[PDB]
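So this first bit is one chain, no partners, the form deposited in one PDB entry, shown in C-alpha cells.
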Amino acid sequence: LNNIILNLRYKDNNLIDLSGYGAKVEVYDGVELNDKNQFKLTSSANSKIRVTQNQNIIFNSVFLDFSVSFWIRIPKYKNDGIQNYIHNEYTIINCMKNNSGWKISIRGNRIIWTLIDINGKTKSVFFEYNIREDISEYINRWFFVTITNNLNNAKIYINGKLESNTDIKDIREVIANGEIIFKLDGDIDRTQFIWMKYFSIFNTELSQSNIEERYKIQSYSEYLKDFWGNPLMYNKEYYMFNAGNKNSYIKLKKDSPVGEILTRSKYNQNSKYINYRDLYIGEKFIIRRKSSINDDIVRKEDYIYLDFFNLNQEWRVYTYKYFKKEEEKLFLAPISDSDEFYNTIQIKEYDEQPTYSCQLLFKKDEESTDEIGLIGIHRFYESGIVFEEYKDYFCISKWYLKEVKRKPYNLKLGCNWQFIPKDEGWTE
C-alpha cells in the first residue's frame, strides 16, 4: 500500500479524508479554504477542524511506527510583540485520548512534536529556524514538514533533509485513536494564524528516500511560484528579489532609463533578538500576458511583458536589439511598439529541483530559435582611469546562457529572480 491512514484533501469547498478508510471530517466556519488545497487556522474560537477517525475497521488502538507529513506557512513575528512571540507556546494539532497521544506546537521560531504515553511521561523533538538571517528561507514561506516515529527515535525532516532526532526508548504506549483537533490553542494574539497544506498520516516510518520523493512530487507544479510559495500571478503587483544578490534591489536611476542596484535597508530598531532585510522596497513590478489565456496564473515557458510602475504610469523593461559585448544594461521606458528593442520575455524554470526561483529569457521571435540573453545583475564600468569604479546595474547577459546548462543547477546565479508581493504574513 501507500501505508496511508489519513489524507485530508480539498473537495467542493470542504476538507475530506481520502485515505480510503472514510474518517469523518468536520470543518467549522472559522477555517478558510482554497482550491489550491490550503487552509487557514485563525485565532477566533470557531476556527477549528475536528477529525473522527474510523473506529470500525482497522486496528485503531496503537501504532509503534507512524509518520505525519504536511506543508506549512507561519507568519513573521510582530516587530513589537516579540516578547509574546518568544514566550508563548501554542498547540496547532492535537490528538489525545485518556491523556495520551501526540501534539504539534509552535513557540515563536520553533516548531514542536511532542509525545505522551499513558504513564504521563513526555518527550519532544523540534525544529528551529534562525530569526537573524538577512533573508530567511522559512519565515512566512511554505516548507515541508515530515515527522517519523518508531519505538527508538522521533525524527523531523524539513524539505526532505533530516533536521532533528530524539531518543524515545523511555517512551512506551502511545494512544493514537483519539479525535484529531486542528485548532490554535494557547496564549495567542488576536492576529495569530497558520497556513497548512496536504495533511497526511502514515502508519509506517518513512525512509529519507520516500520522504524526499514525496517532497519532490507534492512540490511539483506546471505553474511558477512567488517568493512565499503561492502561484505566480499575471496582473499582480510585485517587488523583485535576486537569488544571487540577496541583499540587493532594483531602483530606477534618477533622470535615467536604467536600473540601479542598491542595498536593502535592514531592521533598524533596538531588539537584540531579531534581524531582517526590508522586502517591500525597490520598483513595484507587474507581469503581463502576450496572448488560450484562461486563469491569471503564470506558467513555465509563457511569453510575457515585464512592466513596472514609475510615478503615475505603467512602464516596460526592454533591451537593445543588438549589443556588441557579452552583456548590456536594460532599458526601462514608457510602453511603445518600438523597432530598436525586444519587449517580449519567455519565463523559465531551468532548475530540476523544488525552487521558488525563475529566470527571464529574451528571444527574437516567439516562433524563432535564437536566444539574446538572460536578465540579471551585472557590474559595469562607471568612473575614471586614476581610480577604477564599477557599479551594479539591471542587465541582460549572454553569459548566463551557458551557465544554466550546468548540473546541478547553480542556485546563486544572478539570472535567478523571485517575485515578492505584499503578504499579511510579513510586516516591516
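By rigid core we mean the largest C-alpha set that fits within 1.5 Å across both forms. Residues that one form lacks are left out of the comparison. Start at 1 with the first residue shown and count on from there.
Coordinates for residue 33 are present in every one of the other compared entries of this protein that model residues on both sides of it, well short of the third needed to count it as often missing.
In the comparison with other entries of the same protein, residue 54 is given coordinates in all of those covering both sides of it, so it never reaches the one-third threshold.
The stretch of deposited sequence separating residue 291 from residue 292 contains 1 to 3 residues lacking coordinates in this entry. Per-stretch averaging of Cα B factors for 170-178 and 254-262 places 170-178 on top. The question of which stretch, 321-329 or 138-146, has the higher mean Cα B factor is settled in favour of 321-329.
When the Cα B-factors of 69, 44, 60, 37 are read from the PDB record, 60 comes out highest. Per the PDB entry, 153 shows the highest C-alpha temperature factor of the residues 219, 200, 153, 242. For residue 81, the recorded CA B-factor ranks within the highest third of the chain. Only modelled residues enter the ranking.
Ranked against the other modelled residues of its chain, the C-alpha B-factor of residue 379 as given in the entry falls in the highest third. Annotation for residue 29: CA B-factor lies in the middle third of the chain's modelled residues. When the CA B factors of the chain's modelled residues are split into thirds, the value for residue 103 lands in the middle one.
Ranked against the other modelled residues of its chain, the C-alpha B-factor of residue 334 as given in the entry falls in the middle third.
Not pictured, yet referred to below: the form deposited in another entry.
With the two forms fitted on their core, the C-alpha shifts between the shown form and the other one stay under 2 Å for all of 52, 43, 34, 61 except 61. Figure legend: C-alpha atoms of residue 206 and residue 61, shown here, are separated by at least 3 angstroms less in the other form. Annotation: residue 62/residue 9 CA-CA distance longer in the other form than in the displayed model, change of at least 3 Å. After fitting on the rigid core, only one stretch of 3+ residues whose CA atoms all move by 2 angstroms or more between the shown form and the other one is found, at 56-64.
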